[PDB]
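Only one chain is given next, in structure tokens, and it is the form deposited in one PDB entry.
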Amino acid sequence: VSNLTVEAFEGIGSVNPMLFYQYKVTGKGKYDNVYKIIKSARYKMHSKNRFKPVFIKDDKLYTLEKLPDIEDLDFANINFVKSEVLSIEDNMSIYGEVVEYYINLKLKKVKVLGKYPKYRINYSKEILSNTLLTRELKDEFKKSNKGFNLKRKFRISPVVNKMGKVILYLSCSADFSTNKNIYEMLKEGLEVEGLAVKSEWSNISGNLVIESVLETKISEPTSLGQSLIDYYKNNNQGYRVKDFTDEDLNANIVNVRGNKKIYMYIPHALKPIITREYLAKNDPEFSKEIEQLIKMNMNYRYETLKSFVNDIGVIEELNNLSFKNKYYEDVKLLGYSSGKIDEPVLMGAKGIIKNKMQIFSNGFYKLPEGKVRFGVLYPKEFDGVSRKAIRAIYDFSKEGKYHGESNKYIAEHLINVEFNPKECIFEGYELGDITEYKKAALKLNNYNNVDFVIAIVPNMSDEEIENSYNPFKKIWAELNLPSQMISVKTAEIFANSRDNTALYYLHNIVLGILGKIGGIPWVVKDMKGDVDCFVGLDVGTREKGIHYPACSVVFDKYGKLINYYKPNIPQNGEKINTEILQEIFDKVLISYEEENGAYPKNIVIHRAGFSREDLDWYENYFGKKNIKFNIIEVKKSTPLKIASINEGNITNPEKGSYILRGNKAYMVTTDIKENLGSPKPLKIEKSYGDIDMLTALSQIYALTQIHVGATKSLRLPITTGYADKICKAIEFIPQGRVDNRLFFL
């Protein structure tokens, strides 16, 4: 079969134990906690010792050769203690830091083209490479002609076993930067009005946007009583303004909004942020050029990390440590266990389907009851476009028709739609002011001949005249009428296109219309393992000090939604309080009792991220009710990527392919072919449970393959995925009594 591996390189040769020099930090300042200063003390005494290696075990610093203990620092009185030879088996992290330091020190000495420093080292886990390995396996710089710079960003994280052998886990990424700040942009005469900027001179994390470009020079005395050059010389920062020429002093003051007040910052400091939007807006030839370099399949990631490890070479400071240039043949040698999960078979109307595409030729599993009356808002410029769009939607849904042609892929009467254009309402709304949009939606609900809305909003792009999605969905949220919004572009593709691209869009629209009115298109034949209900959980942070309420979806064992609950109070942080947990799981058990007459004997809780809560509360609440339960953390953001092997040819893994060790497991949920990127697998780990992980992974991969919003599978299981979508549609909840209508989809 196709064995699996991760982005890891076995180190030939082992790390011998080294002579360490142990240091001591005490809280000399007005504080006394060494733990609030210990990493900063490491950084300061590391940089002040010509970047010689400085380590951290819990309070004891370590160096590899002799450094004088420093009393010059105001906050930390670092002192020598002893010299010793620490064993590996108690100090895994320290020897890992040793290996990644010596990798950083070998990669500073590596030059490309004989002239240029290849890797930008800051002696950390991150190694920026100034040049990239291309698809054609040639080290070439990628700079735009507008100075935009692409850099291949590496994160090393080596692991040393108890014996001393080294396993180097790599992860490669891209980076956007530029060598041109606002000073060279105004020297080029470019307009920076309204750009977001990142001031390179301060570590202040925040989003700064330019207000204007003042006519005042940076050397002239400003509104603060002094010039900005004098302002930086007063702040012990005259070194930044020391090398300024007269032409540098002719610079225009660029005032910048800084989330509390208009700052006045000089343009030699402010590098413009390189968003993907910014690359697309300013150099779209370069921006579309690098989609083969940013999005990487497993073969090109293996080639990039192969070039990286060949750049490392032998490390003579660790007993001639040299890494292999190949991945592992199998992760059983790494301690993982691998496999492919069987595909979850689905049910439609008249039986099993061999993919998600056959269901419009088969019919949906659970119809809703009763007629649904379309009633559509449309912008007044886009009349015939909207009419042809709803014509295509009604042809697909009710009449089984496509372009006026009956089609063998589609059965008649998919949804019992009562839409007659002679009797329906096509309310037209002026694009413009927001209260006109809200009055337009209330004007559509001023009639009783509508049960569903297919309102045409303008595009979510095109920042001009105001979008209608948010006011429409807020009003239809208050009125409890479900609605499937369509952008103008999709309406124009329904009107104008003659290909099956409109068939794809119409598939996803009709699945949305079905899911919003309570229908269920397809269900699982048999879920694997002993389970009665799946419960999702997620708490998302929208902005600073914001937390989305702990939205929890509840599924049955066949995967259809039972109940979702949003607590009306916002909670403190992404740990859930026990009051909110009690309310959520009371809704869980009462909803499953309402649909099936008993408490569920087995719960699998998928928590999106960290299950930070009291496990004792869960033990209490499901021990007083005799419920076995499982908490399986589904985690999205993971730098680990999974590969495949067929006679050594590294390629992207199939959907449903996984790796497993103990109580954590990574699983590829989506089939992405080459020239589109790598599969970004989930991190799935069990914080508490008594089920084996093969069952929990089969359950999660089954809850990925039953996303009822699209003909293609969701990466997330729809437990955490639908919790995430309720967190996105957090202001769009239907006001009236909570149903199984998947409004958020």
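Residue numbers here begin at 1 and follow the sequence given. Here, rigid core means the biggest group of C-alpha atoms that superpose within 1.5 Å across both forms.
Beyond the structure shown, there is the form deposited in another entry, which is absent from this document and is the topic of what follows.
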- Moved residue between the shown form and the other one - picked from 134, 237, 319, 282, where its Cα shifts 2 angstroms or more relative to the rigid core: 237
- Is it true that residue 613 shifts between the shown form and the other one by 2 Å or more at the Cα, once the core is aligned? yes
- Message: Once the core is aligned, does residue 300 move its Cα by at least 2 Å between the shown form and the other one?
- Response: no
- Message: Superposed on the rigid core, does the Cα of residue 218 end up 2 angstroms or more away between the shown form and the other one?
- Response: yes
- Check residue 414 against residue 737 at the C-alpha atoms and report closer or farther in the other form, compared with the shown form; the change is 3 Å or more. farther
